[PDB]
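Asks: I'd like to ask some things about the structure below.
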Amino acid sequence: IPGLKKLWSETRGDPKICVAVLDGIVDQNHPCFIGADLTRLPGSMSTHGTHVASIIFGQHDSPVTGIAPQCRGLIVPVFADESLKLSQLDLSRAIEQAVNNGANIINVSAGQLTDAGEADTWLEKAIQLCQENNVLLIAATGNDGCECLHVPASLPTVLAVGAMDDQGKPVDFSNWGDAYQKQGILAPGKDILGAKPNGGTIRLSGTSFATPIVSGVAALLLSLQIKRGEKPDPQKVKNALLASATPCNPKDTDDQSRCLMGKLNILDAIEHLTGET
C-alpha cells in the first residue's frame, strides 16, 4: 500500500484517537493485541470480528501488522457468531454507544442489503448523531457483486468502502451503485492478513477487510493532525480521503463506475488534509 510506510514514520496512532469496531466478539487474548489499548463495551468468539479488529490494532512485531496500533480501541459487538445478520435497531444502539464513549471513527464491516438504500429511522438518527458530534462512520459497501446498496454504507455522510486487488483493480464481488459513487473509495480487500480466534492468522477477502484499512488510515490521519498541533477533524478526514482517491483508467475495469470515487491514496490524502507533500 503506497504511502503507508511514510505515514507510519510520522505516526502509528495516538491514544487520544478512538476507533470503535462494531462487529462480533473479538478474541482479546490473541498475541496481536499484546500492548493494544482495547475495551469491550457491555466461547462466543468471532473470526470475522477478531480478523477485522486485528487489521486496525495488530501490534507491530506481532503476527499482524495493524494500520493504527497505538490508537485507542472500543469493541462494541453487534452480532452473535456464525450468522452475520444485523438488526438495524441494534446497530443504531451500538453506534449511539460508540459515540457516547468518545469514538472518533466508527468501523462497520457489515451492512444489510436494501431495495434502494432506505433505512430504519433509528439508524438514520444514529448517523445524525455522528454528524452532530463529528464522528466518522466508515462502512463496507457489501459483497453481492451487483449494483446494490447496503446500510449504513449508502447513507449520507457515511464513508463507504469497496474492495480492490493488488493491481488496483476492482473485484467482482464488491457492490457498486450511485450512492457509492458519491461517497465510496476502493481499499485493498483481497487476501488481507488478520488474526484468527485462538491464535493463528488467516488471509481473507471481502469489503469487510477493506473497510478496516480505511478506518486505520483515517485514524492515522487524525493522529497526524494532533502531531501538527491541528484539531483532529474526522469530517475533514473523510473529504480528504474522498478528494484524494485516484480514478481508475480503462486498463483497470470495463465499467469505470465499479471504482466508485476511486482508489485509496494515502500520500494525496495527507496533501489534501494538511499542507504537506
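Every chain in the C-alpha cells has a letter given in the order shown (A, B, ...), and although residue numbers restart at 1 in each chain, ligands are simply numbered from 1 in the order shown.
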Write out as a list in words which residues come within 9 Å of residue 202 (chain A) when counting only C-alpha atoms, dropping same-chain ones fewer than 3 positions away.
Replies: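 Residues near the query, excluding close chain neighbours: residues 51, 191, 192, 193, 194, 195 and 196 of chain A.
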Asks: Select, from A:201, A:112, A:183, A:157, the residue with the minimum atom-to-atom distance to residue 54 (chain A), counting only C-alpha atoms.
Replies: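 When distances to residue 54 (chain A) are compared using only C-alpha atoms, the smallest one comes from A:201.
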Asks: Work out how far apart CA of residue 152 (chain A) and CA of residue 239 (chain A) are and give it in Å to one decimal.
Replies: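 According to the coordinates, CA of residue 152 (chain A) and CA of residue 239 (chain A) are separated by 17.7 Å.
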Asks: Residue 138 (chain A): which residues within 10 Å, counting only C-alpha atoms, same-chain residues fewer than 3 positions away excluded, as number ranges by chain?
Replies: A: 105-109, 135, 141, 152-153, 157-161, 184, 211-212, 214-215, 218, 238
Asks: Pick out the closest residue to residue 60 (chain A) from this set: A:264, A:41, A:240, A:34. Count only C-alpha atoms.
Replies: A:34
Asks: Residues near residue 111 (chain A), anyone? I mean within 7 Å using only C-alpha atoms, not counting same-chain ones fewer than 2 positions away, as a PyMOL selection string.
Replies: chain A and resi 86+113+140+142+150-152
Asks: Save the residues we just selected, N, CA, C and O atoms, as a PDB file, in the first residue's frame?
Replies:
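The file below, out18.pdb, is the result:
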```
ATOM      1  N   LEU A  86     -27.585  -8.531  10.771  1.00  0.00           N
ATOM      2  CA  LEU A  86     -27.522  -7.341  11.572  1.00  0.00           C
ATOM      3  C   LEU A  86     -28.911  -6.732  11.678  1.00  0.00           C
ATOM      4  O   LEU A  86     -29.566  -6.471  10.665  1.00  0.00           O
ATOM      5  N   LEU A 113     -28.542  -5.564   3.207  1.00  0.00           N
ATOM      6  CA  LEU A 113     -28.988  -5.273   1.845  1.00  0.00           C
ATOM      7  C   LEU A 113     -30.401  -4.666   1.853  1.00  0.00           C
ATOM      8  O   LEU A 113     -31.262  -5.089   2.620  1.00  0.00           O
ATOM      9  N   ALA A 140     -18.535  -0.978   5.023  1.00  0.00           N
ATOM     10  CA  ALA A 140     -18.431  -1.837   3.839  1.00  0.00           C
ATOM     11  C   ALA A 140     -19.591  -1.684   2.849  1.00  0.00           C
ATOM     12  O   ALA A 140     -20.755  -1.696   3.238  1.00  0.00           O
ATOM     13  N   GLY A 142     -20.386  -3.944   0.631  1.00  0.00           N
ATOM     14  CA  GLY A 142     -21.018  -5.251   0.513  1.00  0.00           C
ATOM     15  C   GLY A 142     -20.461  -6.107  -0.612  1.00  0.00           C
ATOM     16  O   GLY A 142     -19.804  -5.605  -1.531  1.00  0.00           O
ATOM     17  N   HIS A 150     -26.071  -1.346   0.564  1.00  0.00           N
ATOM     18  CA  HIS A 150     -26.160  -1.738   1.973  1.00  0.00           C
ATOM     19  C   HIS A 150     -26.324  -0.514   2.840  1.00  0.00           C
ATOM     20  O   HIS A 150     -25.855   0.577   2.482  1.00  0.00           O
ATOM     21  N   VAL A 151     -26.982  -0.699   3.983  1.00  0.00           N
ATOM     22  CA  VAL A 151     -26.946   0.296   5.039  1.00  0.00           C
ATOM     23  C   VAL A 151     -26.029  -0.244   6.110  1.00  0.00           C
ATOM     24  O   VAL A 151     -26.026  -1.456   6.345  1.00  0.00           O
ATOM     25  N   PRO A 152     -25.250   0.644   6.769  1.00  0.00           N
ATOM     26  CA  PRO A 152     -25.302   2.105   6.637  1.00  0.00           C
ATOM     27  C   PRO A 152     -24.408   2.705   5.546  1.00  0.00           C
ATOM     28  O   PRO A 152     -24.372   3.933   5.393  1.00  0.00           O
TER      29      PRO A 152
END
```
Asks: Any idea what's packed within 7 Å of region 253-260 of chain A, counting only C-alpha atoms, ignoring anything in its chain fewer than 6 positions away? Could you give it as a VMD selection string?
Replies: chain A and resid 169 to 170 176 180 to 181 184 to 186
Asks: Env of residue 216 (chain A): 7 Å cut, atoms = only C-alpha atoms, seq-sep filter 5 positions within chain, self excluded. Answer as an MDAnalysis selection string.
Replies: chainID A and resid 56 67:68
Asks: So which residues of region 35-246 of chain A fall under alpha helix (DSSP H) by DSSP, listed as JSON, numbers by chain?
Replies: {"A": [47, 48, 49, 50, 51, 52, 53, 54, 55, 56, 57, 88, 89, 90, 91, 92, 93, 94, 95, 96, 97, 98, 99, 100, 121, 122, 123, 124, 125, 126, 127, 128, 129, 130, 131, 132, 133, 178, 179, 180, 181, 182, 183, 207, 208, 209, 210, 211, 212, 213, 214, 215, 216, 217, 218, 219, 220, 221, 222, 223, 224, 225, 226, 227, 234, 235, 236, 237, 238, 239, 240, 241, 242, 243]}
Asks: Could those residues be written to a file, using C-alpha atoms, as a PDB file, in the first residue's frame?
Replies:
```
ATOM      1  CA  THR A  47     -13.423 -14.966  13.479  1.00  0.00           C
ATOM      2  CA  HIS A  48     -14.777 -12.057  11.456  1.00  0.00           C
ATOM      3  CA  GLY A  49     -14.550  -9.618  14.398  1.00  0.00           C
ATOM      4  CA  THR A  50     -11.104 -10.735  15.529  1.00  0.00           C
ATOM      5  CA  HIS A  51      -9.775 -10.502  11.971  1.00  0.00           C
ATOM      6  CA  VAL A  52     -11.264  -7.030  11.400  1.00  0.00           C
ATOM      7  CA  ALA A  53     -10.034  -5.641  14.729  1.00  0.00           C
ATOM      8  CA  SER A  54      -6.571  -7.085  14.147  1.00  0.00           C
ATOM      9  CA  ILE A  55      -6.307  -5.245  10.792  1.00  0.00           C
ATOM     10  CA  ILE A  56      -6.553  -1.979  12.737  1.00  0.00           C
ATOM     11  CA  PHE A  57      -4.881  -2.755  16.098  1.00  0.00           C
ATOM     12  CA  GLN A  88     -30.698  -2.051  12.180  1.00  0.00           C
ATOM     13  CA  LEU A  89     -32.041  -1.296  15.673  1.00  0.00           C
ATOM     14  CA  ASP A  90     -29.059  -2.991  17.368  1.00  0.00           C
ATOM     15  CA  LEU A  91     -26.609  -1.243  15.052  1.00  0.00           C
ATOM     16  CA  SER A  92     -28.066   2.157  15.817  1.00  0.00           C
ATOM     17  CA  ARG A  93     -27.731   1.319  19.526  1.00  0.00           C
ATOM     18  CA  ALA A  94     -24.104   0.307  19.082  1.00  0.00           C
ATOM     19  CA  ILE A  95     -23.333   3.492  17.117  1.00  0.00           C
ATOM     20  CA  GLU A  96     -25.033   5.544  19.845  1.00  0.00           C
ATOM     21  CA  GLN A  97     -22.902   3.797  22.450  1.00  0.00           C
ATOM     22  CA  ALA A  98     -19.697   4.225  20.410  1.00  0.00           C
ATOM     23  CA  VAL A  99     -20.390   7.962  20.191  1.00  0.00           C
ATOM     24  CA  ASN A 100     -21.106   8.451  23.913  1.00  0.00           C
ATOM     25  CA  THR A 121     -35.279   5.806  11.163  1.00  0.00           C
ATOM     26  CA  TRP A 122     -33.289   4.926  14.317  1.00  0.00           C
ATOM     27  CA  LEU A 123     -30.329   4.096  12.100  1.00  0.00           C
ATOM     28  CA  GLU A 124     -30.768   7.430  10.281  1.00  0.00           C
ATOM     29  CA  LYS A 125     -30.729   9.199  13.686  1.00  0.00           C
ATOM     30  CA  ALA A 126     -27.559   7.319  14.696  1.00  0.00           C
ATOM     31  CA  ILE A 127     -25.821   8.729  11.596  1.00  0.00           C
ATOM     32  CA  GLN A 128     -27.294  12.133  12.508  1.00  0.00           C
ATOM     33  CA  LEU A 129     -25.779  11.781  15.981  1.00  0.00           C
ATOM     34  CA  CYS A 130     -22.364  11.190  14.346  1.00  0.00           C
ATOM     35  CA  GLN A 131     -22.760  14.269  12.134  1.00  0.00           C
ATOM     36  CA  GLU A 132     -23.545  16.385  15.193  1.00  0.00           C
ATOM     37  CA  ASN A 133     -20.558  15.104  17.192  1.00  0.00           C
ATOM     38  CA  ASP A 178     -24.808   5.694  -7.350  1.00  0.00           C
ATOM     39  CA  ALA A 179     -24.967   6.347  -3.592  1.00  0.00           C
ATOM     40  CA  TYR A 180     -21.499   4.728  -3.537  1.00  0.00           C
ATOM     41  CA  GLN A 181     -20.251   6.951  -6.439  1.00  0.00           C
ATOM     42  CA  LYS A 182     -20.913   9.843  -4.110  1.00  0.00           C
ATOM     43  CA  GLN A 183     -19.059   8.635  -1.052  1.00  0.00           C
ATOM     44  CA  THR A 207     -15.253  -5.431   1.714  1.00  0.00           C
ATOM     45  CA  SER A 208     -15.274  -6.465   5.400  1.00  0.00           C
ATOM     46  CA  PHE A 209     -11.458  -6.304   5.294  1.00  0.00           C
ATOM     47  CA  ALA A 210     -11.064  -3.275   3.061  1.00  0.00           C
ATOM     48  CA  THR A 211     -13.165  -1.193   5.438  1.00  0.00           C
ATOM     49  CA  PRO A 212     -10.908  -1.585   8.495  1.00  0.00           C
ATOM     50  CA  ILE A 213      -7.943  -0.444   6.382  1.00  0.00           C
ATOM     51  CA  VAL A 214      -9.613   2.897   5.620  1.00  0.00           C
ATOM     52  CA  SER A 215     -10.628   3.141   9.291  1.00  0.00           C
ATOM     53  CA  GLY A 216      -6.990   2.703  10.311  1.00  0.00           C
ATOM     54  CA  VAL A 217      -5.720   5.228   7.791  1.00  0.00           C
ATOM     55  CA  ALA A 218      -8.371   7.724   8.923  1.00  0.00           C
ATOM     56  CA  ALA A 219      -7.122   7.209  12.486  1.00  0.00           C
ATOM     57  CA  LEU A 220      -3.515   7.726  11.335  1.00  0.00           C
ATOM     58  CA  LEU A 221      -4.599  10.926   9.667  1.00  0.00           C
ATOM     59  CA  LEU A 222      -6.342  12.193  12.802  1.00  0.00           C
ATOM     60  CA  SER A 223      -3.192  11.380  14.842  1.00  0.00           C
ATOM     61  CA  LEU A 224      -1.142  13.307  12.273  1.00  0.00           C
ATOM     62  CA  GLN A 225      -3.323  16.406  12.818  1.00  0.00           C
ATOM     63  CA  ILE A 226      -2.630  16.192  16.582  1.00  0.00           C
ATOM     64  CA  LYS A 227       1.094  15.812  15.840  1.00  0.00           C
ATOM     65  CA  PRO A 234     -12.927  13.362  11.189  1.00  0.00           C
ATOM     66  CA  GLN A 235     -15.279  15.110   8.751  1.00  0.00           C
ATOM     67  CA  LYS A 236     -12.218  16.869   7.231  1.00  0.00           C
ATOM     68  CA  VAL A 237     -10.552  13.475   7.044  1.00  0.00           C
ATOM     69  CA  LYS A 238     -13.495  11.897   5.185  1.00  0.00           C
ATOM     70  CA  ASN A 239     -13.362  14.519   2.401  1.00  0.00           C
ATOM     71  CA  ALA A 240      -9.563  14.390   2.142  1.00  0.00           C
ATOM     72  CA  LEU A 241      -9.817  10.602   1.698  1.00  0.00           C
ATOM     73  CA  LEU A 242     -12.537  11.049  -0.941  1.00  0.00           C
ATOM     74  CA  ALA A 243     -10.868  14.007  -2.712  1.00  0.00           C
TER      75      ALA A 243
END
```
Asks: Residue 61 (chain A): which residues within 12 Å, counting only C-alpha atoms, same-chain residues fewer than 2 positions away excluded, as a PyMOL selection string?
Replies: chain A and resi 31-35+57-59+63-66+69
Asks: I need the residues of region 41-98 of chain A that end up classed as strand (DSSP E) by DSSP on the backbone, written out as an MDAnalysis selection string.
Replies: chainID A and resid 72:75
Asks: Keeping only N, CA and C atoms, write the selected residues to a file as a compact mmCIF listing (two decimals), in the first residue's frame.
Replies:
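The result, stored in part-v5.txt:
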```
# COMPACT_ATOMS: atom_id res chain seq x y z
N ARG A 72 -6.50 4.19 20.59
CA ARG A 72 -7.47 3.59 21.49
C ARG A 72 -8.53 2.79 20.68
N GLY A 73 -8.92 1.63 21.17
CA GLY A 73 -9.96 0.82 20.52
C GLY A 73 -11.14 0.45 21.41
N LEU A 74 -12.35 0.53 20.86
CA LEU A 74 -13.57 0.06 21.53
C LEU A 74 -14.23 -1.08 20.75
N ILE A 75 -14.42 -2.22 21.40
CA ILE A 75 -15.14 -3.32 20.80
C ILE A 75 -16.59 -3.17 21.25
```
Asks: In terms of the shortest atom-to-atom distance over only C-alpha atoms, which of A:154, A:87, A:277, A:101 is closest to residue 42 (chain A)?
Replies: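 Smallest distance to residue 42 (chain A) is found for A:101.
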Asks: I'd like to know which of A:84, A:187, A:116, A:146 is closest to residue 162 (chain A), using only C-alpha atoms.
Replies: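 Residue with the minimum atom-to-atom distance to residue 162 (chain A): A:187.
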Asks: Kindly indicate which residue among A:114, A:198, A:205, A:83 lies nearest to residue 143 (chain A), using only C-alpha atoms for the distances.
Replies: A:205
Asks: What is the distance, in Å and to one decimal place, between CA of residue 266 (chain A) and CA of residue 103 (chain A)?
Replies: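 Interatomic distance, CA of residue 266 (chain A) to CA of residue 103 (chain A): 22.0 Å.
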Asks: So the first atom is CA of residue 190 (chain A) and the second is CA of residue 71 (chain A); what is the distance between them in Å, to one decimal place?
Replies: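 If I compute the distance from CA of residue 190 (chain A) to CA of residue 71 (chain A), I get 24.6 Å.
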Asks: Name the closest residue to residue 37 (chain A) among the candidates A:14, A:81, A:144, A:23; distances are taken between atoms, counting only C-alpha atoms.
Replies: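 Closest to residue 37 (chain A) of all the choices is A:14.
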